[PDB]
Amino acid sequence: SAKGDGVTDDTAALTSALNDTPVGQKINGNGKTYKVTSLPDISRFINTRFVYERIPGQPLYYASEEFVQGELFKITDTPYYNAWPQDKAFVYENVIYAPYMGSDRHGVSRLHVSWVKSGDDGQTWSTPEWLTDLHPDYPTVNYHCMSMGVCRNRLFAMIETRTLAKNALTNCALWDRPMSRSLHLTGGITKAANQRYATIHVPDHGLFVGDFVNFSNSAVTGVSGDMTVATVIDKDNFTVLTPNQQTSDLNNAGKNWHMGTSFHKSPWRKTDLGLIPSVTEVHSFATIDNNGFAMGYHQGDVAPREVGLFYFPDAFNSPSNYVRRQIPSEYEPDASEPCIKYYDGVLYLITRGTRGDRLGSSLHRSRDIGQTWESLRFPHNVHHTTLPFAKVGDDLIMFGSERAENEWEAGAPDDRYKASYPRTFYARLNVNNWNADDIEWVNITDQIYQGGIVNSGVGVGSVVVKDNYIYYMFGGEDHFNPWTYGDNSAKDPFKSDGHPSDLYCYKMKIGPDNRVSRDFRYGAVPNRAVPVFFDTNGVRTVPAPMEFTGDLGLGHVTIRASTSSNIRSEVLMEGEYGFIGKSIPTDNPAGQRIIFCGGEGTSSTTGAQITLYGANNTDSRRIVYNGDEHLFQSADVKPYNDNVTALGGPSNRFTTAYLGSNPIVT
């Protein structure tokens, strides 16, 4: 019988067990770790962990089902190359946000900084939203973002501009925007006599002049409906301009009312930081306090390599003011893309190792926002993955994913250009024990690396905690080839299956749940993205406004009454000019024409018609105007050129001309 002491070789006992028990039996490992020289049939175990050295000298751990209370979700399913949640996820007012970049490749081609969100603790995710448009100077350059977070109720992001040609960083800008909120407040609105502004007391409001604010039930004259911030007095007070004034003071003290805000109706504040010296990528975000935050960076283009952070001490009054802080020099080589977070006055930083044959990921902590550090190296050259994390109690809980299977270990060569099943791991480190020598990396889920191109969208994720759950949002692929080597060298997402990378989220229980389950099986028709309802006439009806930007082929089209109290049907053409034309017919090009009709049918009987004949028509470029009156209003009827064309012909005579005077002939 197996020892389950993490040290005794339990392989033979486990094998005998499996051989002697029915395949449907769930073998309970009783929470113990079993050392093995080959992984057994993990699927037949519950509540079991294995230790196994795939590479000798490098134990890793492997969780059976139910060993951790956790579950994997797929959270996007879009034809874009959807990857790089690194390192942008946050939770705000009970909503989990998973920002990422949707592109067509490792680079900024077709790229939109995007997010999906969950409003039910990760069970279900929203339709992707684009946070950036294509850059004005596309396709020379386009946007990129690996650092985003919330500070005092505003979203802040480091929006980079990079070249499509080489992914070269070209500009850094801090973009920020107020988060949408509803506030249910008591008192705090005053309006002084004989002037028109009302001051609103909303602690840490985070709003700027011009930001959207909506008022309900204010009980203060003129403070009502959709308004904007007029001035900001200080961090806890702003004003709005009302339409009117009164001869006495107003104060809604004791009255309950509602505010307020909108990310979508407020402009971005964009602060141009230029091409910050010695920076390759800005990555990760750590709210420090009420006034500011840090963002991670590295420089890995020229020697010497740098890794550190930029601290923005007062991002509200002074968004252009940052200070560079670097980790100790011995930890900078072969390092990039640090993840940073801040808890109880301690800034934590974990690097990505860039190669399996040199010292890799290292962990650092600072009590002075990066001026000085205490450092440790993870054993065995952890590389190719970022290590996003959160702190739960004493423990840093960190997640990482190999990019392709069997790359995780020190000395393991890259193994690309073939389909494989990369491992995703997590580990816990107690900050009061500050040593990683005996760190246990636990493989909790396996992803797919498609193999059709060298690049991998797997991993490079982001971590958040909400209530008693920790969430790791990260990329994963599937076996559908993007056909880069194939018929889609242009990487068009909308051909065949597009790009296999999509986002996943591992949700792991981190503390007790003192409620009955909120879990459901999703059995609805997903009806948010293209909301469809069968109308009372049995026809699929979409009431949402929509934009189709791709080429559209339509069959029979009816344009319904829609406009000016539904008196008219309307089509509006944009651009410099509109073109309505006629293709060359496949079968009978000799019939090429368009009929325009004021009535319901092709017969001239139903209404006046103008028929424009094609150049391929038997009657090449003929126009026939067919009506019971032809009335030319507002201008003379003239030939385009002078003395070149006629009225009538010998075989097409007008009966006469009704004139107010004799012809003027010259």
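One-based numbering along the sequence shown.
Quiz item: Can you tell me which stretch has the higher mean Cα B-factor, 490-498 or 472-480?
Solution: Taking the mean C-alpha B-factor of 472-480 and of 490-498, the larger value falls to 490-498.
Quiz item: Between 287-295 and 187-195, which has the larger average Cα B-factor in the PDB entry?
Solution: Mean CA B-factor is higher for 287-295.
Self-check item: Residue of maximum C-alpha B factor among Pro422, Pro388, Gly459, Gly356, per deposited coordinates
Solution: Among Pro422, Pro388, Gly459, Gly356, the highest C-alpha B-factor in the entry belongs to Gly356.
Quiz item: From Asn443, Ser224, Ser361, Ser401, can you pick the one with the highest C-alpha B factor in the entry?
Solution: Of the candidates given, the C-alpha B-factor peaks at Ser224.
Self-check item: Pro639, C-alpha B-factor rank within chain (lowest, middle or highest third)
Solution: Bottom third by C-alpha B-factor.
Quiz item: Relative to the other modelled residues in the chain, which third contains the C-alpha temperature factor of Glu409: lowest, middle or highest?
Solution: For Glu409, the deposited C-alpha B-factor lands in the lowest third.
Practice problem: Rank-wise, by C-alpha B-factor, drop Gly648 into the lowest, middle or highest third of its chain. | Solution: Lowest third.
Quiz item: Split the chain's modelled residues into thirds by Cα B-factor; is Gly575 in the lowest, middle or highest one?
Solution: Highest third, going by the recorded CA B-factors of the chain.
Practice problem: Divide the modelled residues of the chain into thirds by Cα B-factor and specify which third, lowest, middle or highest, holds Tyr625. | Solution: It belongs to the lowest third of the chain when residues are ordered by C-alpha B-factor.
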